[PDB]
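# Enclosed are the sequence and the experimentally obtained structure.
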Amino acid sequence: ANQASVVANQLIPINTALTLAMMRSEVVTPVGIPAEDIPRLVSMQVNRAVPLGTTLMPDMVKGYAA
């Protein structure tokens, strides 16, 4: 049903600063960071490796607070 989340479009290594090429929008469950926030996430770092196809959750991004 409608809410899309940010999903990793490639493996994102631990401590990588996110770029736009790394983030796609997809309706997945459980729900992660809202896809509307992809602009806000560029150049923030992930604190763990995020495999291809993994939903980005709030606790995986350093400094994220919505």
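Structure received. Numbers count the residues shown, from 1 in each chain.
# mind listing the helices for the protein?
With DSSP state H as the criterion, the chain has helices at 38-41.
# Now the terminal residues of stretch 16-30, how far apart.
23 Å (C-alpha to C-alpha, to the nearest Å).
# hmm, I was thinking of stretch 45-53
End-to-end distance for stretch 45-53: 18 Å, by C-alpha to C-alpha.
# So what touches it?
7-18, 56, 59-63 (C-beta atoms under 8 Å, 6 or more residues apart in numbering). The C-beta positions use only the backbone N, C-alpha and C, and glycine is treated the same way.
# ok, of those residues, which come out buried?
7, 8, 9, 12, 18, 56, 60, 61 (16 or more other C-beta atoms under 10 Å).
# before we move on, the earlier item: mind checking which of the contacts of stretch 45-53 are in strands?
Secondary structure assignment by DSSP state E places 7, 8 of the contacts of stretch 45-53 in strands.
# Got the phi and psi for the residue positioned nearest the centre of the chain?
For the chain, the residue nearest the mean C-alpha position is residue 56 (3.4 Å; C-alpha atoms, centre = their mean). Here is the backbone geometry of residue 56 (degrees, to the nearest 10): phi -80, psi 120.
# Disregarding flanking residues, what is the spatial nearest neighbour of residue 1?
residue 27 (7.5 Å; C-beta to C-beta, 6 or more residues apart in numbering).
# just residue 57 next, same as before
residue 32 (4.7 Å).
# I'd say the one you found and residue 4 touch.
No: Residue 32 sits out of contact with residue 4 when judged by C-beta atoms under 8 Å, with a separation of 9.6 Å.
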